[PDB]
């Protein structure tokens, strides 16, 4: 997250870190045993880290649980990032408590102009890279589809929407990928891509979670 602030500790209890030696992506806990992330974050083995604030120091609220199933959307396109979403089934359920808990799936799409909360342990620089120890947060609005499309002409599919600031300065970034965009208490987006981070006319592009609620339901039911 570029241009954000350090979140209050364990104030986003649905935020997870995907770890494969180091942190590499975010995710969102949607039930005791299931996480939503980006398909481009797939690896064959993933450890999910819940209850984190400082990802470098064991503070006492962490739960580390291996992924048992890692299921990309079957229409994920690895060139265009169309359908950039995946589900992770934990090998055992997380213990739900004040510091680890779920985020609701969305009941409607978010309107343009809605203020959302984006979070993660991704890069904090617009040129180069620096990764933080503590979870970062960003308050940002949903942009119109026309703004999204004008920012990335020919690249915005029907699974994508934009959130951010066309003037630049504040955005998600590398290793925020897979993590949440929450608007009015519902998971509306998955951090997906952009050109650079926090550049003018290059807002973040996010997967439209609302478009996948039925897919999530069905996939979970079939893998239970």
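Numbering follows the first chain given and starts at 1.
*Asks:* Test of understanding: from the entry's C-alpha B-factors, which stretch has the higher mean, 153-161 or 54-62?
*Replies:* If you average the C-alpha B-factors of 153-161 and of 54-62, the larger mean comes out for 54-62.
*Asks:* Looking at the deposited entry, does 107-115 or 80-88 carry the larger mean Cα B-factor?
*Replies:* 107-115 has the higher mean C-alpha B-factor.
*Asks:* Which is it among 170, 40, 45, 49: the one with the largest CA B-factor in the entry?
*Replies:* Of 170, 40, 45, 49, 45 has the highest C-alpha B-factor.
*Asks:* Just say lowest, middle or highest third for the CA B-factor of residue 120 relative to the other modelled residues in its chain.
*Replies:* As the PDB entry reports it, the C-alpha B-factor of residue 120 lands in the lowest third of its chain.
*Asks:* Sorting the chain's modelled residues by C-alpha B-factor, tell me whether residue 198 ends up in the lowest, middle or highest third.
*Replies:* As the PDB entry reports it, the C-alpha B-factor of residue 198 lands in the middle third of its chain.
*Asks:* Determine, from the deposited record, the chain-internal third of the Cα B-factor for residue 186: lowest, middle or highest.
*Replies:* Middle third of the chain for residue 186's C-alpha B-factor.
*Asks:* Could you place residue 29 in the lowest, middle or highest third of its chain by Cα temperature factor, using the values in the record?
*Replies:* Answer is lowest: the recorded C-alpha B-factor places it there.
*Asks:* Determine, from the deposited record, the chain-internal third of the Cα B-factor for residue 36: lowest, middle or highest.
*Replies:* Its C-alpha B-factor belongs to the lowest third of this chain's values.
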